[PDB]
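Have a look below at one chain only, the form deposited in one PDB entry, in structure tokens format.
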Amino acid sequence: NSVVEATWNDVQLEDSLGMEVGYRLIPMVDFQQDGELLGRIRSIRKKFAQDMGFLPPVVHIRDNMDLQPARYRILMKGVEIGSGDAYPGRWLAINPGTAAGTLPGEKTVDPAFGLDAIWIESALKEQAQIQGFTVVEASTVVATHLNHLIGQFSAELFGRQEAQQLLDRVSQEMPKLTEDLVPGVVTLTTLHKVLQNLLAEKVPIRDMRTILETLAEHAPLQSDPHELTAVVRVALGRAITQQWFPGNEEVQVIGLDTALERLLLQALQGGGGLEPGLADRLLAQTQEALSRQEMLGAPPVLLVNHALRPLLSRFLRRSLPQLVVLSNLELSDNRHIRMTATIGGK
């Protein structure tokens, strides 16, 4: 029967991030035995904490025999956000598009980006490389997949608890800033929401001094988190601009129509809603614009009117997450702009 008696320590609280693993994958993820995957995960977490501005939650790993021996699952708050296979004794050969040829093993697709690839035996490692393929080991596949997911759900992985944690970290470097800012001027809720909207659109939040000072300035006369988000953005323009347009190069961007922005801008006032027809119009055209830029080699950046950006981003992104939506009040003052793509009368 159930040897010991049941207690409250038998209640398992859900995890922010977690991974379920087949039994063949227990070795790499093993605690005792330096878990090959464990260290990769530590690396991934640190890199996120230094590039994005916040430590992702610990990844809770537990085996689950109902799963295929080599399968693994990645969960967020208990729900599956990803899953794949990884065969220990093997290596994965992924084609970047460049390399050519075919190899033995099992045919599949890189979990992250989604490139064709093949699973091969330890032996053929060399050939796979001479033939061009990028060769990584089983544990690495998983780390790559996990890293892709943390990036993708970076906004959701950032909760009230992480907000507080960041706030504490900032306090221990700039005591002044924080101290009397929250719950005083800004509430944790508003802080958390603003920071989330920033991560939501890939804007790093490492520059807390700028963000906190900007809120300290406007919070008093503006409490809407959506509003504050817009302000903090321009306040961060030098970073945002430099992010997608490194160096003193020329800023090649996508632009919408002049009559179109009137269409949108007008309906913006009348009710916080939107009407069909137009919906699919944009989504369609836009998709085409990305490709023009794609072919050209320029960033998937769409520069548009300030009052627009908010709903134009939250609209075209819940479809084309790959698209960046900057405001004209965000792009740096002294940059050479060239609207090298549009959304006109075709």
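C-alpha atoms forming the largest set that superposes within 1.5 Å between two forms make up the rigid core. Numbers follow the displayed sequence, beginning with 1.
Quick note: we don't show the form deposited with a partner chain bound, though the next part is all about it.
A heavy atom within 4.5 Å of its partner chain in the deposited bound form is found for exactly one of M65, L296, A279, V58: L296.
Interface residue among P88, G237, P104, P96, judged by heavy atoms within 4.5 Å of its partner chain in the deposited bound form: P96.
Contact check for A112: a non-hydrogen atom falls within 4.5 Å of its partner chain in the deposited bound form. Its partner chain is not drawn, but in the deposited bound form it has a heavy atom within 4.5 Å of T144. For the chain shown alone, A267 is not a contact residue for its partner chain in the deposited bound form, no non-hydrogen atom being within 4.5 angstroms.
Remark: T134 counts among the residues lining its partner chain in the deposited bound form, judged by a heavy atom distance of 4.5 Å or less.
Comment: 135-143 is the region of 157-165, 219-227, 135-143, 195-203 lying near its partner chain in the deposited bound form, near meaning a non-hydrogen atom within 4.5 Å. In the core-superposed comparison between the shown form and the other one, the C-alpha atom of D51 has shifted by less than 2 angstroms. Core-superposed comparison between the shown form and the other one: the C-alpha position of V79 differs by less than 2 Å. If you compare C-alpha positions, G273 and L256 are 3 angstroms or more closer together in the deposited bound form than in the form on display. In the deposited bound form, the CA atoms of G97 and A284 sit closer together than in the displayed form, by at least 3 angstroms.
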